[PDB]
């Protein structure tokens, strides 16, 4: 009797394995990926984006904006001492 | 001969291992092999069609 037709019916091996699910994710995801990002934000020259550029970089954990920002509040109230005295 | 068909068949049987879709497909190939093996031994068994009018 003639061989049956199972080997040639493939359309439930298109969901049949788990990486089909992953495939339909990364055919979208990686295809819509850019070569490099859009932009990281670091500066924009609003003149305080420069503050971010010098101090608040991705790799700058350096305490300098803190010191500067602290010193700003010291400059503020010290003048206000002379506003009240 | 018949062996050409069957050489491709058994090469395909051990390939059919590499498809799990088979259920009774391998049984259909096995059946064609059975009766194919029957006809060759039938054909080899064969008597001369008619009795010898010379000797017999």
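Each value in this text was obtained by applying a stated rule to the coordinates, not by laboratory testing. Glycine gets a Cβ as well: all are built from the backbone with ideal geometry, and neighbour counts include every protein chain shown.
Observations on the structure shown:
- Cβ-Cβ under 6 Å pairs, at least 6 apart or on other chains, the stretch A:1-17 side facing another protein chain (nearest Cβ under 10 Å), far side in a loop (DSSP other than H, G, I, E, B) and surrounded by 10 or more Cβ atoms within 10 Å (Cβ to Cβ): A:6/B:21; A:7/B:19; A:7/B:21
- Sub-6 Å Cβ pairs linking a first residue in the stretch B:33-45 that is surrounded by 11 or more Cβ atoms within 10 Å (Cβ to Cβ) to a second residue that is part of a helix (DSSP H, G or I), at least 6 apart or interchain, are B:36/B:2, ordered by first then second residue.
- Whichever residue in the stretch B:20-49 is more than 12 Å from chain A (Cβ to nearest Cβ) and outside any helix (DSSP H, G or I) and, among such residues, is nearest to the chain's Cα centre (by Cα): B:46
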